[PDB]
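Working notes for the structure below.
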Amino acid sequence: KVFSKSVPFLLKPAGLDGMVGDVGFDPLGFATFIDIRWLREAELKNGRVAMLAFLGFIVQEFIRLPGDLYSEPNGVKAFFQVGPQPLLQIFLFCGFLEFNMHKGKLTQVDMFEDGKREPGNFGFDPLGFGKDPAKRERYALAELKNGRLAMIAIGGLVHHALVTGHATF
Amino acid sequence: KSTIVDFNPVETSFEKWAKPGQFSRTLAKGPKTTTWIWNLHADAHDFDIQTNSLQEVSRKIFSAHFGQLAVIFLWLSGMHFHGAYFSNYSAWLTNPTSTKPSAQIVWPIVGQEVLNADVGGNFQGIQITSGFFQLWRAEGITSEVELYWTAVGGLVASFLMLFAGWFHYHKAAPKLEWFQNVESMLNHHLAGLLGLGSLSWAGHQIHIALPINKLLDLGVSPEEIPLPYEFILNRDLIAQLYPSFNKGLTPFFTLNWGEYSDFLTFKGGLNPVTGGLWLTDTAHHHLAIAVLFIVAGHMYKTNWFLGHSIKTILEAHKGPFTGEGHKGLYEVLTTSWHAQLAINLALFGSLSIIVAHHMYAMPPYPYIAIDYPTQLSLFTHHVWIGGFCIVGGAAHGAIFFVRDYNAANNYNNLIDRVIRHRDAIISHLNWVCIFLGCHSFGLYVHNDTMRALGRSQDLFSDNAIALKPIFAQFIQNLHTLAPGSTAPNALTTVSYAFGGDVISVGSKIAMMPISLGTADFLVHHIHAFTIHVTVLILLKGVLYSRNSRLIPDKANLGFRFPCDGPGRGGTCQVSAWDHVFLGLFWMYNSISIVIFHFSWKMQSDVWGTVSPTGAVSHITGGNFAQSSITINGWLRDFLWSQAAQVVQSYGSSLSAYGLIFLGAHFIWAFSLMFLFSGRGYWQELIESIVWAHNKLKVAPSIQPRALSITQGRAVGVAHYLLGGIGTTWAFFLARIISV
Amino acid sequence: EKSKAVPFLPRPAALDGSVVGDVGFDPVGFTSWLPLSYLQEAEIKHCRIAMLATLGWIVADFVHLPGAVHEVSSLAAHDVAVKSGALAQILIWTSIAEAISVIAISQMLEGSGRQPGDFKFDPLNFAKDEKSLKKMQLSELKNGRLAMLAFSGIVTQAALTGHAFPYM
Amino acid sequence: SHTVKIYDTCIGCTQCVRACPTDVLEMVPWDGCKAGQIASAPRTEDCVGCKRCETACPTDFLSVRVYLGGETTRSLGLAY
Amino acid sequence: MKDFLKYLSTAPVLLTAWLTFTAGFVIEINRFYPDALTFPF
Amino acid sequence: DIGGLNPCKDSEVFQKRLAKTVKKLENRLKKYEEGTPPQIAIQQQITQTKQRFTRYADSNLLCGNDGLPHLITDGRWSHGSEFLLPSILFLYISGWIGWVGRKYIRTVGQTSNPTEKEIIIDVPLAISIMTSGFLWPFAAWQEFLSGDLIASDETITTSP
Ligand code: CLA
Ligand code: CLA
Ligand code: CLA
Ligand code: CLA
Ligand SMILES: CC(/C=C/C=C(C)/C=C/[C@@]12O[C@]1(C)C[C@@H](O)CC2(C)C)=C\C=C\C=C(C)\C=C\C=C(C)\C=C\[C@@]12O[C@]1(C)C[C@@H](O)CC2(C)C
Ligand SMILES: CC(/C=C/C=C(C)/C=C/[C@@]12O[C@]1(C)C[C@@H](O)CC2(C)C)=C\C=C\C=C(C)\C=C\C=C(C)\C=C\[C@@]12O[C@]1(C)C[C@@H](O)CC2(C)C
Ligand SMILES: CC1=C(C/C=C(\C)CCC[C@H](C)CCC[C@H](C)CCCC(C)C)C(=O)c2ccccc2C1=O
Ligand code: SF4
């Protein structure tokens, strides 16, 4: 028996072999009954959204926009003060982005049905970082780790605002 | 390698949990139509068709009994836990006559918190009609901590019974010879179970319930009453209430049992403080029952040259009119589980009905006679359980006749001779049923039409043509004269229902002489007629379960089959199951009439309030005597009149009873769709629905089929019973809680 | 035959010699109908939990964390900690650890090779070869059993008599 | 008496004949199927209409069909 | 835990779990926002 | 206004209903003692009743002559939160349920044992299909266009 590298008292999970964040961490075996490509796509998207949202917290409490609506240093209270109209526009824009970036196939059964789709690979690289394949793997691992850390931190900041109410500081 | 058990017969594995229908040879292949799903649950406990060995069936039955007892223990633990945590039992103890027992609080969601009634004692919740508070008080339970510990013990016992079932199916399963030791089983169930349970309960009553309840009746608050264990360690806390414990057990071993007359009395009647039976009388009763049952347990020969053989007893009881007599009955009852189930279920339902009668007749718990909702609910529930169990006993007798009956082994015995003249039995029972129905009901209809025609002197009433139940009144007179004449050591009659004084607790009547007039004559004959018709249906099912003049090979079609075909003019419902279906309907009718008679008679001529000068005013006002003799009277002065509380319960804490009233009406009417219709129409409608699904590519792989004819009948009867019983349940509960 | 612990009782027939802390003590034959690895894991879990619990009870009756909520005796600390939510955090993280334990014990029972109670947690070494590991396993088992009995006595005495650290 | 008809979809599996409770059906030689036999109904005066015959028919929509008609003491199953 | 998980995948257990979850979130929506006769927006 | 109804904010009978309910609840509250849980529960009932009546008053709700909110479901967007928005919400949810059920039926209908996978659900595949129902309006008007939504003549028909 091999046993996992992360959880040393557990057997090595299956389906994670050719990935860019494999430390053998899957005690519940989510990769066995869920497609690993979909799981990586979801992890990357959740991580990127969490990173953007954490940066949004830190900037919102600091900078903010001119106007009476955009005057709440607290993100949770800003979600309510801003009203539904600005939020629904963000929702529709995110939907438009989702549709055009995945080119129609948006669901768990439709995406990766034909393969030829690296999980999380939207081809988005205008600044050109990533031409060298040597640093590409390191960049992918850094993105994954930062995304996970940002998921934890996004939960932390949101719940700090809920239990205190003032801000993050 | 024990001689009674087999070790590790079945492996404890989850593999068969993932293969539904593995028990059945036909269902194991997997579902092809939706009929497979229904067949899966209809054959789950039919262990006879799952194995060909009586040993395996017996082991499955034994483990199923353990599972059932674990379920019962879990239910009891839940009841005690609710009494401990979500009840006003402590408040009810200090004010039994003014606080309504409640042991279930309702969460505040969707406005349902209105169900939390003003039960009293600074409590909000649902009023409890199961009488647990009175039972706990009779047990001497004076604190909610004791209820919590009883709940914990119930949980432990439930786990123990689950473990016992698992152990005796998978680790050590008893052999067939162990199960067939009916002599040993009877000896143990009679001495150990019954007698030693009575003895242990008598000990508990004498040492815990007798002193604690005596202190409670004396006015001592539950907080200053000593803890129950102190009544055992200290022979002076109990010797003050009953000054006979000072002599210890010496009077018992010296045969001077007269010294124990302090706490082993024979009084009769009711406790004037609580309205229940004297707990000293109860303890003496349980002691006598224990001795009698222990003695009765030393009857059958088990392992020594001592006792009786049931085979030799039965085989010696022949006669000129009965041929071989009881020869072969021992083989029938030791090789067929269905025959044992028939006898046990019939006698068990009859026992439940007898219990229901003796409950209200002689209230055995403190402050339970003045809790009218508890009395009504207990009587109705126990009578319903008795009727259901009796129908089940008839059903399993029919099942035994179809499946486990061997013609060769029963040559010219009682079973054979009964089948040989089944025609005579059924024809005479038919004549008796027609006679009883004609008379009882047509006397009711004659009263109704005489009243409708303005001829009040032509009725079958007390102020008219009178049918006095003289035989029952003679018995009532004999019982009220028994103390001092035939029961010379009695101080009071067994029940005040036979006659005597009005017993009131807190201005509320506990018991009172139940007068019998022409109204009781008619309703008693209605009871006899309904019981006779139910017996007719069930006995026709049992006797004609194997063959008939219509179908000479009905036994080859099994116990459960819809018909033999449209031929012979139509052979619907010829099974024996279709007789347990019709008998279920008629049992519902009979029990409904019985509980209606009880409710109206008690409310009109027993229950009520007593004025300080001794004037008795009842709940309804004595309208039973003159208005229960016509069907219009039953419709108006009982159904319409006492349904006022149910229909006016909206917005109050009894609104749940009105909602259940309406829902039970809905379910009862829903049943008639299955009872009146047939399978072909529903199959052909499912055909068009399946066409639509196929048109939308959503037709299931498991082909949807209409419920089988037998399952359609079963669904119809189940819904009918549920709707009717629920309607009566809501009506009774709302009416008797409001007033 | 003739188990070491109870010399007049037969050997439990499931504990020959190949378990740490195996003196053949199973009079009521719990090992005759339950997996040995399952019972070993349960015993080791109880040992560790009760060792931590005894140390915490004794220490918290001496040293208190800053704050008014932490100014109660260990006997009355349960109702205070549950109200403050202190025990909720322990419950959450213990539940996470116990779900991972569900996975681990399932894998151990269905093959794998993980010894009962072996989570491979060993930042320091303290056990370099087989002999040291066996000796330290025996020490852990004996200390855990002693601490289970000690916590039992501590709680029973403290509940009987509401005394401080000397629960006599 | 009821009417019983046999159709050439008969596969000669004999399940109808051995299910008749009143000896109405019988197997007769034929050349339209592998078994070389076809069911016949020469004693329909004893037909009771129980339709056990077509409950045992394996062919798609039956090869034996029972049409209920005039009633008789034999067809009504009257022992009296 | 290979056949136990298959047992939990049966129709009755899955339907019971799904209906329990469904009733749960319905009841909790009605607890946190009770007496909702019209759409909140 | 619409249909002769009037806003509940100006309906006297509505306020009479509120006052009567509050009075009944307070009378019930009078028979308990101090800050005991029954009094807390009755006070919560009173607070919830007042909040519900206030919300119904300030909700563009039309009340009849009985002082009860009447629903205007003719289709006008003015009273669109009474029927139209809940209608859209239910249509979305029910279309989701139907779509995931149909997709699961068609997916396990092409396996070796289609009937087995209906009593013993393939929970991985079931979860995969169920979370994909958020696009059911788009998936339906992408399968109907391709002719994959409707069968044509392989469907069975009775004799006539
Ligand atoms: C004095 C001895 C004794 C006692 C008390 C019982 C008691 C019981 N037997 Mg039993 N039995 C006995 C001897 C005894 N049996 C013998 C010698 C045989 C062999 C012929 C059987 C064969 C037998 C069968 C085949 C069945 C029973 C069943 C039952 C139960 C009937 C259900 C009931 O009334 O609920 C009353 C319930 C209670 C009062 C709850 C408390 C009872 C607990 C469990 C004590 C049980 C005593 C037990 C025999 C002690 C053995 C302990 C074990 C470690 C050896 C009841 C618990 C039936 C049953 O329900 O199966 C489980 C059943 O199907 N018995
Ligand atoms: C000690 C009691 C007892 C026992 C051990 C049995 C045991 C048995 N009976 Mg039996 N029976 C009993 C009492 C009993 N019965 C009673 C009291 C009646 C009269 C109604 C019957 C009537 C009866 C018939 C008519 C038949 C049996 C059959 C059987 C056998 C198969 C049972 C099965 O698979 O059902 C599995 C269990 C179910 C299908 C459960 C069905 C659910 C019920 C009907 C509804 C319960 C609703 C419940 C009250 C909650 C409603 C509340 C609502 C708000 C939701 C089995 C040997 C059958 C057989 O073939 O025997 C060989 C058969 O045809 N019995
Ligand atoms: C109100 C409806 C109703 C009525 C009146 C009856 C009546 C009867 N049922 Mg029942 N039954 C009912 C509903 C009813 N049933 C339902 C819903 C079911 C479904 C489960 C059944 C299922 C059922 C079964 C399975 C059986 C019966 C049997 C009986 C008969 C018992 C013998 C008897 O009393 O005959 C006497 C007749 C009456 C009491 C009816 C009223 C007669 C009046 C009062 C006296 C005579 C009037 C006079 C002749 C009128 C002449 C004037 C006229 C010509 C103008 C009786 C005919 C049993 C049977 O066959 O009989 C033994 C039987 O086995 N029934
Ligand atoms: C079974 C384990 C256990 C449990 C349930 C508790 C529970 C409690 N302790 Mg406690 N404690 C423990 C072990 C335990 N302790 C140990 C081993 C020590 C010695 C360091 C202490 C020292 C201690 C002090 C000094 C105080 C408490 C206090 C308290 C109470 C509230 C605050 C709190 O949770 O402690 C906070 C706990 C600490 C600050 C130290 C805990 C150190 C841990 C147990 C050692 C490392 C283990 C590791 C983290 C395990 C990982 C778990 C895994 C699932 C990830 C609460 C009743 C406080 C109180 O109210 O007293 C009445 C208080 O003042 N404890
Ligand atoms: C921090 C955390 C996890 C941190 C892990 C980190 C950062 C490391 C992550 C990584 O290394 C991995 C793993 C793998 C790498 O490939 C990726 C990176 C990213 C490198 C979880 C916190 C988890 C935090 C949790 C669970 C907090 C729960 C708090 C609760 C429940 C509070 C409740 C109360 O506040 C209320 C509600 C009311 C009050 O009155 C009472 C109380 C009780 C106090
Ligand atoms: C609990 C949690 C993470 C827990 C992580 C744990 C335990 C990790 C443990 C480990 O790492 C360690 C410790 C060590 C590792 O080696 C092993 C593991 C085991 C992996 C994240 C919560 C994460 C929680 C998150 C992200 C919640 C975000 C909430 C948002 C955005 C809410 C928005 C709103 O609330 C507003 C603002 C207004 C409302 O009215 C409307 C809405 C819209 C609802
Ligand atoms: C409607 C009907 C059907 C069709 C009924 C069917 C197909 C039953 C469908 C049951 C569904 C599929 C499952 C049950 C759904 C309920 C909502 C669950 C019960 C409610 C719980 C609270 C118990 C018959 O097959 C039938 C057969 C013979 C005589 C009469 C009838 C008959 O009336
Ligand atoms: S279907 Fe109904 S009617 Fe036709 S035979 Fe069977 S039972 Fe008699």
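As shown in the structure tokens, the chain order sets the letters A, B, ...; within each chain, residues go from 1, and ligands are also counted from 1 in the order they appear.
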Exercise. Taking only C-alpha atoms and all ligand atoms into account, which residues are within 9 Å of ligand 8, as a ChimeraX atom specification?
Worked result: /B:561-567,570-574,678-680,709 /D:50-51
Could you write those residues out with C-alpha atoms, as a PDB file, in the first residue's frame?
```
ATOM      1  CA  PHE B 561     -55.920 -13.984  -4.771  1.00  0.00           C
ATOM      2  CA  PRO B 562     -58.448 -11.598  -6.335  1.00  0.00           C
ATOM      3  CA  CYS B 563     -60.836 -14.106  -7.914  1.00  0.00           C
ATOM      4  CA  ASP B 564     -61.112 -17.151 -10.121  1.00  0.00           C
ATOM      5  CA  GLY B 565     -62.628 -15.234 -13.045  1.00  0.00           C
ATOM      6  CA  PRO B 566     -65.834 -13.676 -14.380  1.00  0.00           C
ATOM      7  CA  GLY B 567     -67.290 -17.149 -14.872  1.00  0.00           C
ATOM      8  CA  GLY B 570     -68.684 -13.948 -11.318  1.00  0.00           C
ATOM      9  CA  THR B 571     -66.176 -15.190  -8.740  1.00  0.00           C
ATOM     10  CA  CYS B 572     -64.966 -11.957  -7.166  1.00  0.00           C
ATOM     11  CA  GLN B 573     -63.572 -11.900  -3.643  1.00  0.00           C
ATOM     12  CA  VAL B 574     -63.858 -15.606  -3.066  1.00  0.00           C
ATOM     13  CA  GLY B 678     -61.460  -1.401 -10.819  1.00  0.00           C
ATOM     14  CA  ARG B 679     -57.973  -2.036 -12.117  1.00  0.00           C
ATOM     15  CA  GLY B 680     -58.699  -1.984 -15.854  1.00  0.00           C
ATOM     16  CA  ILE B 709     -56.805  -6.031  -7.492  1.00  0.00           C
TER      17      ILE B 709
ATOM     18  CA  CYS D  50     -63.295 -18.651 -15.271  1.00  0.00           C
ATOM     19  CA  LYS D  51     -60.763 -17.636 -17.969  1.00  0.00           C
TER      20      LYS D  51
END
```
Closest atom pairs, chain A residues within 6 Å of chain F, only C-alpha atoms, as JSON lines:
```
{"residue": "A:33", "atom": "CA", "partner": "F:124", "partner_atom": "CA", "distance": 5.0}
{"residue": "A:107", "atom": "CA", "partner": "F:132", "partner_atom": "CA", "distance": 4.9}
{"residue": "A:108", "atom": "CA", "partner": "F:128", "partner_atom": "CA", "distance": 5.9}
```
Limited to C-alpha atoms, could you put the picked residues into a file as a tab-separated table (two decimals), in the first residue's frame?
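Saved the output as selection.tsv:
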```
chain	number	residue	atom	x	y	z
A	33	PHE	CA	-17.88	10.07	-7.37
A	107	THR	CA	-23.15	22.28	-16.74
A	108	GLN	CA	-21.47	19.33	-15.06
```
For ligand 2, list the contacting residues at 8 Å or closer, counting only C-alpha atoms and all ligand atoms, as an mmCIF file with C-alpha atoms, in the first residue's frame.
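selection.cif written:
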```
data_model
loop_
_atom_site.group_PDB
_atom_site.id
_atom_site.type_symbol
_atom_site.label_atom_id
_atom_site.label_comp_id
_atom_site.auth_asym_id
_atom_site.auth_seq_id
_atom_site.Cartn_x
_atom_site.Cartn_y
_atom_site.Cartn_z
ATOM 1 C CA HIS B 41 -43.403 -4.783 1.001
ATOM 2 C CA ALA B 42 -46.317 -7.235 0.828
ATOM 3 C CA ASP B 43 -43.952 -10.227 1.148
ATOM 4 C CA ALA B 44 -41.398 -8.750 3.566
ATOM 5 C CA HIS B 45 -42.688 -10.553 6.669
ATOM 6 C CA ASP B 46 -44.184 -13.567 4.855
ATOM 7 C CA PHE B 47 -41.360 -15.788 6.068
ATOM 8 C CA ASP B 48 -43.267 -18.926 5.025
ATOM 9 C CA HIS B 338 -50.314 -19.273 11.709
ATOM 10 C CA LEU B 341 -51.051 -16.514 15.699
ATOM 11 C CA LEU B 345 -54.464 -12.704 18.250
ATOM 12 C CA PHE B 388 -58.168 -5.230 14.888
ATOM 13 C CA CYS B 389 -56.442 -8.099 16.705
ATOM 14 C CA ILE B 390 -59.560 -10.274 16.475
ATOM 15 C CA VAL B 391 -59.800 -9.685 12.722
ATOM 16 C CA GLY B 392 -56.113 -10.570 12.503
ATOM 17 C CA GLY B 393 -56.673 -13.805 14.390
ATOM 18 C CA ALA B 395 -57.127 -13.841 9.036
ATOM 19 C CA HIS B 396 -54.331 -16.054 10.308
ATOM 20 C CA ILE B 399 -54.009 -18.520 6.361
ATOM 21 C CA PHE B 559 -54.806 -17.415 0.626
ATOM 22 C CA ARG B 560 -54.479 -14.107 -1.255
ATOM 23 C CA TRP B 577 -58.386 -12.616 2.261
ATOM 24 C CA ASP B 578 -61.306 -10.935 0.696
ATOM 25 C CA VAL B 580 -60.704 -10.496 6.081
ATOM 26 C CA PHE B 581 -61.239 -7.372 4.027
ATOM 27 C CA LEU B 584 -62.386 -5.460 8.626
ATOM 28 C CA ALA B 714 -56.105 -3.350 0.660
ATOM 29 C CA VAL B 715 -55.494 0.342 -0.054
ATOM 30 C CA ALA B 718 -56.751 0.839 4.893
ATOM 31 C CA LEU B 722 -57.887 5.370 8.747
#
```
Exercise. If we count only C-alpha atoms, what is near residue 33 in chain C at a cut-off of 10 Å, once residues fewer than 5 positions away on the same chain are taken out, given as a PyMOL selection string?
Worked result: (chain B and resi 167+171) or (chain C and resi 14)
Export of the given selection (N, CA and C atoms) as a PDB file, in the first residue's frame:
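selection_12.pdb, written as the output of this step:
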```pdb
ATOM      1  N   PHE B 167     -28.296 -11.111  17.961  1.00  0.00           N
ATOM      2  CA  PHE B 167     -27.570 -12.261  18.483  1.00  0.00           C
ATOM      3  C   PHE B 167     -28.269 -13.560  18.125  1.00  0.00           C
ATOM      4  N   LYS B 171     -25.722 -14.951  15.578  1.00  0.00           N
ATOM      5  CA  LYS B 171     -24.671 -15.525  16.408  1.00  0.00           C
ATOM      6  C   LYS B 171     -25.066 -16.837  17.062  1.00  0.00           C
TER       7      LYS B 171
ATOM      8  N   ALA C  14      -8.833 -15.005  21.165  1.00  0.00           N
ATOM      9  CA  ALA C  14      -8.595 -14.001  20.142  1.00  0.00           C
ATOM     10  C   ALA C  14      -7.380 -13.138  20.432  1.00  0.00           C
TER      11      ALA C  14
END
```
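Every protein, DNA or RNA residue with an atom at most 9 Å from residue 34 in chain E, where only C-alpha atoms count and chain neighbours fewer than 6 positions away do not, is listed here: residues 109, 110 and 111 of chain B; 48 and 52 of chain F.
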Problem set entry | Nearby polymer residues, ligand 6, at most 6 Å, only C-alpha atoms and all ligand atoms, as a ChimeraX atom specification | /A:76,151-152,154-155,158
Export N, CA, C and O atoms of the chosen residues as a short mmCIF file (atom, residue, chain, number, x, y, z; two decimals), in the first residue's frame?
```
data_model
loop_
_atom_site.label_atom_id
_atom_site.label_comp_id
_atom_site.auth_asym_id
_atom_site.auth_seq_id
_atom_site.Cartn_x
_atom_site.Cartn_y
_atom_site.Cartn_z
N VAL A 76 -20.38 43.77 4.20
CA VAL A 76 -21.68 43.15 4.41
C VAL A 76 -22.79 44.19 4.39
O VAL A 76 -23.84 44.00 3.76
N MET A 151 -10.20 31.55 -0.25
CA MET A 151 -11.49 31.02 0.18
C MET A 151 -11.60 31.06 1.70
O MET A 151 -12.60 31.53 2.27
N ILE A 152 -10.55 30.59 2.38
CA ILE A 152 -10.57 30.62 3.85
C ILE A 152 -10.68 32.06 4.34
O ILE A 152 -11.47 32.37 5.24
N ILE A 154 -11.84 34.73 2.72
CA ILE A 154 -13.09 35.37 2.36
C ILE A 154 -14.17 34.98 3.36
O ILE A 154 -14.93 35.84 3.84
N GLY A 155 -14.20 33.70 3.75
CA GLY A 155 -15.10 33.31 4.82
C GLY A 155 -14.79 34.03 6.12
O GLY A 155 -15.69 34.51 6.81
N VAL A 158 -15.93 37.79 5.88
CA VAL A 158 -17.38 37.92 5.89
C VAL A 158 -17.93 37.66 7.29
O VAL A 158 -18.81 38.38 7.77
#
```
So that I can see what lies close to residue 26 in chain F, please list as a compact mmCIF listing (two decimals) with N, CA, C and O atoms, in the first residue's frame the residues with an atom at most 9 Å from it, counting only C-alpha atoms and leaving out residues fewer than 5 positions away in the same chain.
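Heads up, here's the output in selection_36.txt:
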```txt
# COMPACT_ATOMS: atom_id res chain seq x y z
N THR F 21 -57.13 40.48 17.51
CA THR F 21 -56.14 39.42 17.72
C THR F 21 -55.17 39.78 18.83
O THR F 21 -54.86 38.94 19.69
N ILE F 42 -46.08 34.03 24.41
CA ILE F 42 -47.25 34.83 24.03
C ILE F 42 -46.82 36.21 23.56
O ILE F 42 -47.39 36.77 22.62
N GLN F 43 -45.80 36.79 24.20
CA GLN F 43 -45.28 38.08 23.76
C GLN F 43 -44.68 37.99 22.37
O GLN F 43 -44.84 38.90 21.54
N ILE F 46 -47.51 38.00 19.98
CA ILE F 46 -48.04 39.35 19.79
C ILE F 46 -47.14 40.14 18.85
O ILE F 46 -47.62 40.83 17.93
```
For this session: Quick one: everything within 10 Å of residue 2 in chain E, counting only C-alpha atoms, minus sequence neighbours fewer than 3 positions away in the same chain. Send it as a PyMOL selection string.
Result: (chain B and resi 14-15+18) or (chain E and resi 5-7)
For the residues in the current selection, export N, CA, C and O atoms as a CSV table (one decimal), in the first residue's frame.
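Listing of selection.csv after writing:
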```csv
chain,number,residue,atom,x,y,z
B,14,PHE,N,-23.7,-6.2,5.1
B,14,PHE,CA,-24.6,-5.2,4.5
B,14,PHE,C,-24.8,-5.5,3.0
B,14,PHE,O,-25.5,-4.7,2.3
B,15,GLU,N,-24.3,-6.7,2.5
B,15,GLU,CA,-24.4,-7.0,1.1
B,15,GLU,C,-25.9,-7.1,0.7
B,15,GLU,O,-26.3,-6.6,-0.4
B,18,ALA,N,-28.3,-4.0,0.1
B,18,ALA,CA,-28.2,-3.4,-1.2
B,18,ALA,C,-28.9,-4.2,-2.3
B,18,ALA,O,-28.8,-3.7,-3.5
E,5,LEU,N,-23.2,2.0,1.6
E,5,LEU,CA,-23.4,3.2,0.7
E,5,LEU,C,-24.3,2.9,-0.4
E,5,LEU,O,-25.0,3.7,-0.9
E,6,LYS,N,-24.3,1.6,-0.9
E,6,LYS,CA,-25.2,1.2,-1.9
E,6,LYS,C,-26.6,1.1,-1.3
E,6,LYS,O,-27.6,1.4,-2.0
E,7,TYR,N,-26.7,0.7,-0.1
E,7,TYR,CA,-28.0,0.7,0.6
E,7,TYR,C,-28.6,2.1,0.8
E,7,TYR,O,-29.8,2.3,0.6
```
Exercise. Residues at most 10 Å from ligand 5, using only C-alpha atoms and all ligand atoms? Could they come as an MDAnalysis selection string?
Worked result: (chainID A and resid 6 21:23 25 141:153 155:156 159:160 162:164) or (chainID C and resid 81:93)
Exercise. For chain F, which residues have at least one atom within 6 Å of chain E, if we go by only C-alpha atoms? Write them as a PyMOL selection string, please.
Worked result: chain F and resi 81-82+119-121
Exercise. When the cut-off is 7 Å and you count only C-alpha atoms and all ligand atoms, which residues lie near ligand 4, shown as a ChimeraX atom specification?
Worked result: /C:49-50,52-53,55-57,59-61,63-65,69-74,77-78,81,86-87,90,93-94,96-97
For this session: Compute the set of protein, DNA and RNA residues whose minimum atom distance to ligand 1 is at most 10 Å, using only C-alpha atoms and all ligand atoms, and state it as a PyMOL selection string.
Result: chain B and resi 4+58-70+72-73+157-158+160-162+164-165+168+174+176-197+297+302
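For ligand 7, the neighbouring protein, DNA and RNA residues, which are those within 7 Å when only C-alpha atoms and all ligand atoms are counted, are residues 673, 674, 675, 677, 678, 679, 682, 683, 705, 706, 707, 708, 709, 711, 712 and 713 of chain B.
Once residue 78 in chain D and its same-chain neighbours fewer than 6 positions away are set aside, residues 549, 550 and 568 of chain B remain within 8 Å of it when counting only C-alpha atoms.
The residues of range 21-149 of chain F that DSSP classifies as strand (DSSP E or B), using the backbone of this structure, are residues 62, 63, 69, 70 and 120 of chain F.
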For this session: Grab me every residue within 8 Å of ligand 3, counting only C-alpha atoms and all ligand atoms, and send it over as a PyMOL selection string.
Result: chain B and resi 429-445+529+533-534+536-537+579+581-586
